[PDB]
Structures are given as C-alpha cells and as structure tokens.
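# Using only what follows, build the 3D model:
(one chain, ligands or ions: 1)
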Amino acid sequence: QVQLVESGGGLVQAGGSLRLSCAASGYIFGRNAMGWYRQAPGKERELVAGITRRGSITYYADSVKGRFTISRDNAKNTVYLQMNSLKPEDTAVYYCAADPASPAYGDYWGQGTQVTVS
Ligand SMILES: [Cl-]
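Numbers count the residues shown, from 1 in each chain. I have put the structure below:
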C-alpha cells in the first residue's frame with residue numbers, strides 16, 4: 001500500500017546535472033526523516049544526503065557537499081535530489097528511503113534508479 005517511486009535518472013555527461021525525484025503514495029513525507037542512498041559499482045550502499053525529523057536539518061556526505069541539494073515539496077508529496085557538477089564517481093544506483101510515521105522495524109524504500117555519468 002505504501003509506495004516510494006523514484007524517477008529522473010539516466011545517462012549524463014561529466015559536469016552536467018540531474019534531478020532525482022521520490023514520489024510517495026499511501027504515505028506522506030511530511031516532516032518525517034528520509035534520505036537518499038547510492039550504491040556505486042563494487043561498493044556498498046552509502047548514505048548521500050538526508051533530512052532529519054528533529055528540526056528538519058539537511059546533511060550531506062562529504063563527497064557530495066556543495067554539489068547536491070535535497071529538497072522536499074509538501075504540496076507534491078515529493079522529495080528531490082538535485083545533482084550538479086556530476087562526476088564519473090557519482091555513477092550508481094540511487095535510492096530514497098523514508099521513516100514511517102509510526103513504530104516499525106525498517107524504512108520505506110524506493111525501487112532505485114540508475115544514474116550514469118560519462
Ligand atoms: Cl531525527
């Protein structure tokens with residue numbers, strides 16, 4: 001019933017930009033905590049950017065600071081990841097994850113979307 005759907009991936013040239021979107025149904029992002037994850041070739045999945053529940057503070061992995069921006073659009077119940085100045089090292093499967101509003105083991109996860117930087 002709860003669905004996170006990602007879009008906005010594909011192939012881009014180094015130096016370009018992409019916007020990832022994460023659209024939820026059966027669930028409202030609200031002020032819940034959420035994050036964007038990525039799994040690069042040969043690597044474990046790692047957290048790239050997130051928003052806290054408490055105080056709605058954005059945070060970023062050092063490797064993306066100053067280049068990526070997370071934003072939340074309550075009217076659209078959609079969270080975005082704006083990726084600027086993309087590097088080949090950014091190539092990966094990107095995932096969004098959101099905290100459920102009530103008690104639960106586990107988050108809600110999108111399906112993942114491929115971002116390839118040439
Ligand atoms: Cl928090």
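
# I'd like the distance between residue 112 and residue 13.
Counting by C-beta to C-beta, to the nearest Å, the gap from residue 112 to residue 13 is 22 Å. Bear in mind the C-beta positions are built from the backbone N, C-alpha and C, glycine included.

# And the two? Which one has more around it.
More crowded of residue 112 and residue 13, by other C-beta atoms under 10 Å: residue 112, with 16 against 8.

# Next, find the distance separating that one from the ion.
Applying C-beta to the ion, to the nearest Å, the value for residue 112 to the ion is 24 Å.

# ok, now which ones touch that residue?
By C-beta atoms under 8 Å, 6 or more residues apart in numbering, the contact set of residue 112 is 6, 39, 93, 94, 95.

# Looking at the residues you listed, which two lie furthest apart in space?
In terms of C-beta to C-beta, the contacts of residue 112 reach their longest pairwise distance at 6 and 39, which sit 13.3 Å apart.

# Mind listing the shared neighbours of those two?
By C-beta under 8 Å, 6+ apart, residue 6 and residue 39 have these common neighbours: 95, 112.

# Report how many residues lie close to residue 20.
A count of neighbours around residue 20, defined by other C-beta under 10 Å, yields 23.

# Beta-bridge partners for it, please?
Per DSSP bridges, the residues bridged to residue 20 are residue 81.

# what does residue 24 give?
With DSSP bridges as the rule, residue 24 is bridged to residue 4.

# Just list the residues touching it, thanks.
Taking C-beta under 8 Å, 6+ apart as the contact definition, residue 24 lies against 2, 3, 4, 5, 77, 78, 98, 108.

# Can you say which of those residues are buried?
Buried positions within the contacts of residue 24, assessed by neighbour count (16 or more other C-beta atoms under 10 Å), are 4, 78, 98, 108.
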